[PDB]
Amino acid sequence: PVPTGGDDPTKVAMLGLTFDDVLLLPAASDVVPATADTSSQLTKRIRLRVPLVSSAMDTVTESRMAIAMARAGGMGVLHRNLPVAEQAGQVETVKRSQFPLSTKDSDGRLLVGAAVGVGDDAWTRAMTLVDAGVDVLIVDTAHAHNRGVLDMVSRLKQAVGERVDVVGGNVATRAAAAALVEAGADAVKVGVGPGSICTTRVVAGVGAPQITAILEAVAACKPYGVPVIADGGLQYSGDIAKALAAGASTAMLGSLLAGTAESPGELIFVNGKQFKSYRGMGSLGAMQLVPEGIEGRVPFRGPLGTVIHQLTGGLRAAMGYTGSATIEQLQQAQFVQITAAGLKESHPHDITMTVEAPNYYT
Amino acid sequence: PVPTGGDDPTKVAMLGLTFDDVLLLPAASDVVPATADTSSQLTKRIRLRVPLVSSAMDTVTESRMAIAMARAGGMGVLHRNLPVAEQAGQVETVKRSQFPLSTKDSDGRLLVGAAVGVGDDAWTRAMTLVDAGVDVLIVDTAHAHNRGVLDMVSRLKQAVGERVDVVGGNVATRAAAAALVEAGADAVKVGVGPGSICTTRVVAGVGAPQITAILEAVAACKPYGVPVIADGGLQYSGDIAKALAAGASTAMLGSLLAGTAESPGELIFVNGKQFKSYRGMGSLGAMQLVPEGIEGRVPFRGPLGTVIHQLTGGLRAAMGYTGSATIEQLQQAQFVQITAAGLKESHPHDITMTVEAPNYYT
Amino acid sequence: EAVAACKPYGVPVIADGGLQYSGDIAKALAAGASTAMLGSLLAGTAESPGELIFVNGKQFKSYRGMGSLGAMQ
Amino acid sequence: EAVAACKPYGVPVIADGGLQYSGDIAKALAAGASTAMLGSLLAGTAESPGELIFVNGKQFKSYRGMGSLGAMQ
Ligand SMILES: NC(=O)c1ccc[n+]([C@@H]2O[C@H](COP(=O)([O-])OP(=O)(O)OC[C@H]3O[C@@H](n4cnc5c(N)ncnc54)[C@H](O)[C@@H]3O)[C@@H](O)[C@H]2O)c1
Ligand SMILES: *c1nc2c(ncn2[C@@H]2O[C@H](COP(=O)(O)O)[C@@H](O)[C@H]2O)c(=O)[nH]1
Ligand SMILES: *c1nc2c(ncn2[C@@H]2O[C@H](COP(=O)(O)O)[C@@H](O)[C@H]2O)c(=O)[nH]1
Ligand SMILES: *c1nc2c(ncn2[C@@H]2O[C@H](COP(=O)(O)O)[C@@H](O)[C@H]2O)c(=O)[nH]1
Ligand SMILES: *c1nc2c(ncn2[C@@H]2O[C@H](COP(=O)(O)O)[C@@H](O)[C@H]2O)c(=O)[nH]1
Ligand SMILES: [K+]
Ligand SMILES: [K+]
């Protein structure tokens with residue numbers, strides 16, 4: 001019999017690795033961290049100076065956050081939890097608005113992104129957003145291997161292909177990424193359940209660990225040149241370095257940017273400290289059922305520029321350790337799989353911390 | 001495909017083991033622990049009676065610590081966070097100064113070592129230290145597979161290779177150790193991340209578990225007779241025994257020696273208990289940016305001699321268990337891999353310890 | 001293992017014990033089981049036997065195994 | 001003193017504040033008072049306004065003065 005039970009060797013397909021299961025192996029390096037080139041292709045036509053994209057969530061990205069992310073070298077994606085006219089107004093506000101790395105189009109204006117669903121109402125929203133000058137559309141769905149999501153992606157590529165870039169929803173397998181690539185998507189977003197606010201892997205018991213999912217999606221997408229975006233489950237800059245090394249071209253950040261000042265919402269004072277609200281788009285409050293997210297609060301951090309600077313410094317240090325001149329070389333790095341004891345050895349241990357580092361906290 | 005994902009069987013190169021994942025197997029023994037010989041090679045020409053070295057940290061080793069370590073049978077390495085004239089003065093102070101195991105040169109003077117960086121200013125500091133009477137130069141870096149570190153090691157060995165011994169920076173792979181040996185290093189230090197105060201494996205996500213790294217480095221250094229020093233991650237004398245059995249010849253100690261009276265710094269009182277500062281060299285305060293260390297405090301221990309005696313007693317017990325007359329015989333002991341339950345069983349369990357033992361802390 | 005022997009004869013398999021979430025039910029059904037039997041998930045409902053218990057202002061209900069000392073007496 | 005002022009004219013005196021036991025009420029009535037006004041002795045009953053506070057397995061209720069900062073705001 002099969003060692004794990006039954007007579008079917010393909011019942012348990014594979015062992016899945018996540019960010020905490022692997023470490024990057026140092027290699028022969030001739031690269032100073034300051035000279036590392038952290039530019040990467042977000043889509044087949046858009047290249048960012050910093051490969052970080054803000055999450056399309058109602059407590060993460062709005063006009064201010066989108067403008068700040070575009071100025072810092074990345075991009076912001078406005079959420080679709082607003083009326084269509086309001087979303088178009090936010091797109092116009094971003095496009096209408098020191099920062100040498102800022103992302104700009106052929107007209108010299110900042111780049112913005114918008115998220116739409118699936119359906120005729122979503123089609124009207126997408127048409128309104130495209131008419132307002134949006135550059136990239138995201139078909140933001142929880143299960144992108146559904147036939148409706150693929151049909152919507154094909155429709156958008158057929159209609160507004162010459163003017164915008166269409167990014168498919170979340171996938172976690174090789175077959176889903178291949179289907180999205182065949183459907184005509186310009187970029188594939190990866191991750192089902194690893195988000196810090198998600199309960200999908202608990203409520204439905206469905207998902208896949210992020211590192212293995214990224215590897216599978218890259219094996220499905222790289223021959224066609226389609227970029228891969230790692231979405232959800234990133235907590236440190238080492239996580240971003242690992243996600244890029246596993247094959248992803250861009251990383252989408254949630255809770256790391258929710259505690260910044262540019263994020264929408266009011267500051268909450270609790271017990272002499274500061275926080276702000278963070279919740280999933282599938283949470284009960286956001287969808288007003290069977291929710292697949294939770295509501296919570298993250299500690300307050302400050303300006304987005306400092307956070308992006310620290311994350312980029314960590315990524316530059318990783319590139320220096322691996323000897324990667326560009327991201328295209330960082331994607332050829334190798335991993336070492338570690339156990340739980342190795343995981344606790346990686347973090348600071350046997351020490352009582354008396355002052356916090358800019359890039360680390362418990 | 002690969003069970004962890006993708007089509008490349010070499011993406012996840014190996015499975016790394018740390019000190020907590022293995023145990024030493026007992027063997028036929030004719031060795032009394034009190035009759036074991038713990039002498040081991042530091043470099044190709046320097047043999048220590050106690051195979052322990054002190055870390056080059058601004059909270060661990062200064063003149064007093066170097067003198068105490070040399071008297072106890074080991075050696076000290078002065079940190080390079082000091083002005084060049086000040087470090088040369090510390091070297092002269094150590095050389096200017098019951099202890100049957102004390103390590104001394106051919107002129108009856110206590111041995112000492114000093115850490116240098118990479119660069120032309122580092123060259124000036126190294127030449128000053130050599131002219132001031134240092135016994136070994138440690139090219140102290142974080143990534144020794146960089147071209148600059150190898151060039152610096154080659155230059156030092158070409159200039160003052162007949163007067164001093166050159167020890168290369170920290171490596172974590174077989175290729176890096178082979179490159180350091182080819183460059184002309186007298187000894188190779190191993191460990192990138194295991195440090196109790198380090199955050200390199202979190203900020204950059206780069207490293208390797210210590211046991212696998214030591215085995216890989218020994219696989220490249222032993223055929224050429226180059227000693228290997230295990231640096232970082234050691235919390236018990238059993239860890240020292242495991243590191244020696246993996247192939248290392250000496251173990252450099254950090255936090256284990258940072259709480260003794262001979263370590264630089266002042267006593268601190270918190271709720272009737274004694275602590276003292278311990279911070280990483282890549283921490284924010286130490287480099288005064290993207291730090292790769294933290295600042296904290298460790299409980300006060302006392303005289304260095306008692307700590308060294310306890311560690312050597314544990315090592316002698318391990319040598320007696322494995323039937324190793326010498327460290328060279330300990331370097332051929334076998335390992336058994338354990339699970340998390342095995343690690344829980346190795347420590348005291350289902351007990352409420354009421355009095356602290358000299359060699360174990362809960 | 002049980003489904004590997006029960007499926008050829010058309011005998012259904014019931015997964016009993018250890019289920020704490022709906023994802024666990026989905027995993028049990030996907031492994032070959034046809035139904036799931038629930039314990040503590042339904043022990044705190046209003047329809048289960050037993051009086052309510054109040055601890056620190058919150059509501060609880062008693063739950064014990066049939067092999068427990070009290071239940072086997 | 002108040003009773004010395006009020007008794008000849010037949011005006012009753014109400015003792016208000018500081019009572020913690022029934023003996024205190026008896027002492028106040030013996031001193032010349034006619035009735036007693038109770039504070040903390042009735043602030044912990046069910047009929048008193050407020051919500052039960054649960055701490056360390058014991059029940060409390062909130063009690064504050066009208067001159068307190070949180071009651072004058
Ligand atoms: N052993 C470790 O894992 C580790 C990690 C961080 C810091 N440290 C300690 O902190 C101090 C300073 O460390 P440092 O090495 O950054 O000193 P440093 O800034 O003086 O660097 C010296 C040389 O190391 C190499 N180097 C270091 N980090 C590199 C990277 N990320 N990518 C490429 N090359 C790199 C370069 O050749 C550089 O010129 C030392 O005392 C060191 O032991 C150690
Ligand atoms: C699960 N996942 C959810 C929900 N809303 C958004 N998301 C996903 O999480 C990502 C961010 O996760 P972090 O780990 O916090 O960075 C988002 O980009 C989105 O893909 C939800 O309700 N449940
Ligand atoms: C990471 N590692 C660092 C830093 N400064 C020094 N080190 C290394 O750690 C060792 C200490 O190990 P312990 O586990 O504390 O015994 C040192 O000897 C050195 O090699 C730093 O900032 N980050
Ligand atoms: C062990 N198992 C016992 C006992 N009484 C009943 N059971 C089993 O547990 C199931 C419920 O498990 P939950 O995880 O609580 O859902 C029951 O259906 C029964 O099969 C006992 O004393 N010991
Ligand atoms: C002082 N006295 C205050 C305040 N609010 C009310 N009072 C007086 O105290 C009586 C309560 O006495 P207990 O000892 O609690 O029985 C009240 O009846 C009232 O006369 C205040 O803020 N400061
Ligand atoms: K560490
Ligand atoms: K034990």
# chains A, B, ... in the order shown; residues from 1 in each chain; ligands from 1
>>> residues_around(residues="residue 345 of chain B", least_positions_apart="5", cutoff="12 Å", atoms="only C-alpha atoms", output="list in words")
residues 20, 23, 338, 339, 340 and 350 of chain B
>>> write_last_selection(atoms="C-alpha atoms", output="JSON list (two decimals), in the first residue's frame")
[["chain", "number", "residue", "atom", "x", "y", "z"],
["B", 20, "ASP", "CA", 18.70, 20.50, 18.05],
["B", 23, "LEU", "CA", 22.16, 13.47, 19.06],
["B", 338, "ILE", "CA", 15.49, 13.15, 16.21],
["B", 339, "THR", "CA", 12.02, 14.65, 15.90],
["B", 340, "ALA", "CA", 10.36, 17.39, 17.95],
["B", 350, "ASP", "CA", 7.23, 16.75, 33.62]]
>>> select_by_dssp(residues="segment 26-69 of chain C", states="helix (DSSP H, G or I)", output="ChimeraX atom specification")
/C:26-30,40-43
>>> atom_distance(atom1="atom CA of residue 45 of chain A", atom2="atom CA of residue 211 of chain A")
25.4 Å
>>> closest_atom_pairs(of="chain A", to="ligand 3", cutoff="12 Å", atoms="only C-alpha atoms and all ligand atoms", output="Markdown table")
| residue | atom | partner | partner_atom_place_in_ligand_line | distance |
| --- | --- | --- | --- | --- |
| A:345 | CA | ligand 3 | 14 (O) | 9.1 |
| A:346 | CA | ligand 3 | 1 (C) | 10.0 |
| A:347 | CA | ligand 3 | 1 (C) | 10.3 |
| A:348 | CA | ligand 3 | 14 (O) | 8.9 |
| A:349 | CA | ligand 3 | 14 (O) | 8.3 |
| A:350 | CA | ligand 3 | 14 (O) | 8.8 |
| A:351 | CA | ligand 3 | 15 (O) | 9.1 |
| A:357 | CA | ligand 3 | 22 (O) | 11.2 |
>>> residues_near_ligand(ligand="ligand 2", cutoff="6 Å", atoms="only C-alpha atoms and all ligand atoms", output="NGL selection string")
:A and (55 or 193 or 195-198 or 231-234 or 252-255 or 280-283 or 292-293)
>>> residues_near_ligand(ligand="ligand 4", cutoff="8 Å", atoms="only C-alpha atoms and all ligand atoms", output="list in words")
residues 16, 17, 18, 19, 20, 37, 38, 39, 40, 41, 64, 65, 66, 67 and 68 of chain C
>>> select_by_dssp(residues="segment 88-302 of chain B", states="strand (DSSP E)", output="ChimeraX atom specification")
/B:113-116,136-139,165-171,187-190,228-231,250-253,268-270,273-279,295-299
>>> residues_around(residues="segment 75-90 of chain B", least_positions_apart="5", cutoff="6 Å", atoms="only C-alpha atoms", output="JSON, numbers by chain")
{"B": [53, 54, 56, 57, 58, 61, 62, 63, 66, 69, 70, 112, 113, 114, 115, 125, 129, 132]}
>>> write_last_selection(atoms="N, CA, C and O atoms", output="short mmCIF file (atom, residue, chain, number, x, y, z; two decimals), in the first residue's frame")
data_model
loop_
_atom_site.label_atom_id
_atom_site.label_comp_id
_atom_site.auth_asym_id
_atom_site.auth_seq_id
_atom_site.Cartn_x
_atom_site.Cartn_y
_atom_site.Cartn_z
N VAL B 53 36.94 29.78 21.48
CA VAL B 53 37.38 31.12 21.12
C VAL B 53 36.24 32.09 21.45
O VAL B 53 35.07 31.71 21.47
N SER B 54 36.60 33.34 21.71
CA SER B 54 35.63 34.38 22.02
C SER B 54 35.31 35.20 20.78
O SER B 54 36.15 35.39 19.90
N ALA B 56 34.35 38.34 18.30
CA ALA B 56 34.82 39.70 18.08
C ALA B 56 33.63 40.66 18.08
O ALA B 56 33.19 41.18 17.05
N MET B 57 33.11 40.90 19.28
CA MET B 57 31.95 41.75 19.47
C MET B 57 32.25 42.80 20.52
O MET B 57 32.96 42.54 21.49
N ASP B 58 31.69 44.00 20.33
CA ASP B 58 31.95 45.11 21.23
C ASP B 58 31.27 44.95 22.58
O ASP B 58 31.34 45.88 23.40
N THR B 61 34.34 40.75 23.85
CA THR B 61 35.78 40.60 23.97
C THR B 61 36.46 41.96 23.96
O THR B 61 36.30 42.74 23.01
N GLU B 62 37.24 42.23 25.01
CA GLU B 62 38.23 43.30 25.03
C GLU B 62 39.48 42.71 25.67
O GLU B 62 39.63 41.49 25.77
N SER B 63 40.41 43.59 26.06
CA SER B 63 41.69 43.13 26.60
C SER B 63 41.50 42.15 27.75
O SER B 63 42.15 41.10 27.80
N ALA B 66 40.20 38.79 26.50
CA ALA B 66 41.25 38.08 25.79
C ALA B 66 42.26 37.46 26.75
O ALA B 66 42.67 36.31 26.58
N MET B 69 40.57 34.49 28.57
CA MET B 69 40.42 33.34 27.69
C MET B 69 41.76 32.67 27.41
O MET B 69 41.84 31.44 27.37
N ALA B 70 42.81 33.46 27.21
CA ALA B 70 44.13 32.88 27.00
C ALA B 70 44.60 32.12 28.23
O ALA B 70 45.20 31.04 28.12
N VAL B 112 46.73 36.07 21.19
CA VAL B 112 45.57 36.93 21.02
C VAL B 112 45.28 37.03 19.53
O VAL B 112 46.15 36.76 18.70
N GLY B 113 44.06 37.42 19.19
CA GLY B 113 43.69 37.62 17.81
C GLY B 113 42.89 38.90 17.65
O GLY B 113 42.34 39.44 18.61
N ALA B 114 42.84 39.38 16.41
CA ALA B 114 42.13 40.62 16.13
C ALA B 114 41.34 40.48 14.84
O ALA B 114 41.73 39.75 13.92
N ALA B 115 40.23 41.20 14.77
CA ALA B 115 39.34 41.17 13.62
C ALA B 115 39.57 42.39 12.74
O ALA B 115 39.76 43.50 13.23
N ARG B 125 44.58 49.05 9.14
CA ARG B 125 44.37 48.48 10.46
C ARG B 125 45.09 47.15 10.61
O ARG B 125 45.69 46.87 11.66
N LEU B 129 48.01 46.28 13.26
CA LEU B 129 47.87 45.17 14.20
C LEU B 129 49.04 44.20 14.09
O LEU B 129 49.52 43.69 15.11
N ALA B 132 51.94 45.66 15.69
CA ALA B 132 51.72 45.78 17.13
C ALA B 132 51.85 44.46 17.87
O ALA B 132 51.80 44.45 19.11
#
>>> residues_around(residues="residue 58 of chain D", least_positions_apart="5", cutoff="10 Å", atoms="only C-alpha atoms", output="JSON, numbers by chain")
{"C": [55, 56, 57], "D": [52, 53]}
>>> atom_distance(atom1="atom 22 (O, counted along the ligand's line) of ligand 5", atom2="atom CA of residue 2 of chain D")
22.1 Å
>>> interface_residues(of="chain A", to="chain C", cutoff="6 Å", atoms="only C-alpha atoms", output="list in words")
residues 5, 6, 202, 203, 204 and 205 of chain A
>>> interface_residues(of="chain B", to="chain A", cutoff="7 Å", atoms="only C-alpha atoms", output="ChimeraX atom specification")
/B:3-7,11-18,20-21,143,145-147,193-194,196-199,201-209,284,290,294-298
>>> decode(residues="chain C", atoms="C-alpha atoms", output="PDB file, in the first residue's frame")
ATOM      1  CA  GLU C   1      -7.520   2.619   4.576  1.00  0.00           C
ATOM      2  CA  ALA C   2     -11.146   1.840   5.445  1.00  0.00           C
ATOM      3  CA  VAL C   3     -12.469   3.261   2.169  1.00  0.00           C
ATOM      4  CA  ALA C   4      -9.954   1.130   0.248  1.00  0.00           C
ATOM      5  CA  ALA C   5     -11.866  -1.902   1.576  1.00  0.00           C
ATOM      6  CA  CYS C   6     -15.431  -0.582   1.818  1.00  0.00           C
ATOM      7  CA  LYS C   7     -15.832   1.132  -1.572  1.00  0.00           C
ATOM      8  CA  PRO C   8     -15.696  -2.035  -3.768  1.00  0.00           C
ATOM      9  CA  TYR C   9     -18.715  -3.495  -1.942  1.00  0.00           C
ATOM     10  CA  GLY C  10     -20.720  -0.259  -1.882  1.00  0.00           C
ATOM     11  CA  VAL C  11     -20.561   0.094   1.913  1.00  0.00           C
ATOM     12  CA  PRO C  12     -20.480   3.746   3.065  1.00  0.00           C
ATOM     13  CA  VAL C  13     -17.955   4.990   5.608  1.00  0.00           C
ATOM     14  CA  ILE C  14     -18.730   7.391   8.470  1.00  0.00           C
ATOM     15  CA  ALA C  15     -15.919   9.551   9.859  1.00  0.00           C
ATOM     16  CA  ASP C  16     -16.298   9.798  13.644  1.00  0.00           C
ATOM     17  CA  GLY C  17     -14.385  12.101  15.973  1.00  0.00           C
ATOM     18  CA  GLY C  18     -11.756  14.811  15.697  1.00  0.00           C
ATOM     19  CA  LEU C  19     -13.737  17.292  13.572  1.00  0.00           C
ATOM     20  CA  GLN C  20     -13.561  20.931  14.702  1.00  0.00           C
ATOM     21  CA  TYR C  21     -14.200  22.933  11.501  1.00  0.00           C
ATOM     22  CA  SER C  22     -16.183  22.696   8.285  1.00  0.00           C
ATOM     23  CA  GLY C  23     -12.863  22.318   6.482  1.00  0.00           C
ATOM     24  CA  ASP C  24     -12.316  19.131   8.472  1.00  0.00           C
ATOM     25  CA  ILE C  25     -15.677  17.822   7.240  1.00  0.00           C
ATOM     26  CA  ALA C  26     -14.677  18.655   3.664  1.00  0.00           C
ATOM     27  CA  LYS C  27     -11.346  16.860   4.119  1.00  0.00           C
ATOM     28  CA  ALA C  28     -13.052  13.802   5.622  1.00  0.00           C
ATOM     29  CA  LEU C  29     -15.544  13.603   2.751  1.00  0.00           C
ATOM     30  CA  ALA C  30     -12.783  14.132   0.175  1.00  0.00           C
ATOM     31  CA  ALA C  31     -10.851  11.217   1.706  1.00  0.00           C
ATOM     32  CA  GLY C  32     -13.685   8.800   0.909  1.00  0.00           C
ATOM     33  CA  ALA C  33     -16.099   9.068   3.823  1.00  0.00           C
ATOM     34  CA  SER C  34     -19.762   9.580   2.973  1.00  0.00           C
ATOM     35  CA  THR C  35     -20.890  11.182   6.250  1.00  0.00           C
ATOM     36  CA  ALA C  36     -19.367  12.743   9.355  1.00  0.00           C
ATOM     37  CA  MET C  37     -20.440  12.205  12.962  1.00  0.00           C
ATOM     38  CA  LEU C  38     -20.134  15.274  15.180  1.00  0.00           C
ATOM     39  CA  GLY C  39     -19.492  15.560  18.913  1.00  0.00           C
ATOM     40  CA  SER C  40     -18.349  18.773  20.592  1.00  0.00           C
ATOM     41  CA  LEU C  41     -19.449  20.801  17.553  1.00  0.00           C
ATOM     42  CA  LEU C  42     -23.063  20.071  18.556  1.00  0.00           C
ATOM     43  CA  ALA C  43     -22.486  19.714  22.311  1.00  0.00           C
ATOM     44  CA  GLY C  44     -22.736  23.463  22.901  1.00  0.00           C
ATOM     45  CA  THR C  45     -25.981  23.975  20.993  1.00  0.00           C
ATOM     46  CA  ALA C  46     -29.334  24.665  22.627  1.00  0.00           C
ATOM     47  CA  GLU C  47     -30.875  21.326  21.602  1.00  0.00           C
ATOM     48  CA  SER C  48     -28.274  19.182  23.372  1.00  0.00           C
ATOM     49  CA  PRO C  49     -29.237  17.805  26.800  1.00  0.00           C
ATOM     50  CA  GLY C  50     -27.938  19.506  29.913  1.00  0.00           C
ATOM     51  CA  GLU C  51     -28.424  22.709  31.876  1.00  0.00           C
ATOM     52  CA  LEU C  52     -26.447  25.841  31.075  1.00  0.00           C
ATOM     53  CA  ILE C  53     -23.329  26.643  33.112  1.00  0.00           C
ATOM     54  CA  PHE C  54     -22.223  30.192  33.923  1.00  0.00           C
ATOM     55  CA  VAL C  55     -18.516  30.944  34.355  1.00  0.00           C
ATOM     56  CA  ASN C  56     -17.231  34.529  34.639  1.00  0.00           C
ATOM     57  CA  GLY C  57     -20.399  35.796  32.992  1.00  0.00           C
ATOM     58  CA  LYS C  58     -20.137  33.468  29.988  1.00  0.00           C
ATOM     59  CA  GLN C  59     -22.206  30.448  28.989  1.00  0.00           C
ATOM     60  CA  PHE C  60     -20.991  26.849  28.747  1.00  0.00           C
ATOM     61  CA  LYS C  61     -22.456  23.360  28.566  1.00  0.00           C
ATOM     62  CA  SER C  62     -21.161  20.066  29.920  1.00  0.00           C
ATOM     63  CA  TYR C  63     -19.485  17.608  27.551  1.00  0.00           C
ATOM     64  CA  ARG C  64     -17.987  14.270  28.526  1.00  0.00           C
ATOM     65  CA  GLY C  65     -16.930  11.034  26.905  1.00  0.00           C
ATOM     66  CA  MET C  66     -18.930   7.848  27.263  1.00  0.00           C
ATOM     67  CA  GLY C  67     -15.795   6.133  28.568  1.00  0.00           C
ATOM     68  CA  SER C  68     -15.323   8.742  31.285  1.00  0.00           C
ATOM     69  CA  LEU C  69     -15.499   7.811  34.956  1.00  0.00           C
ATOM     70  CA  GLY C  70     -18.817   9.591  35.467  1.00  0.00           C
ATOM     71  CA  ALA C  71     -20.433   8.344  32.264  1.00  0.00           C
ATOM     72  CA  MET C  72     -19.423   4.709  32.839  1.00  0.00           C
ATOM     73  CA  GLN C  73     -20.875   4.706  36.373  1.00  0.00           C
TER      74      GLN C  73
END
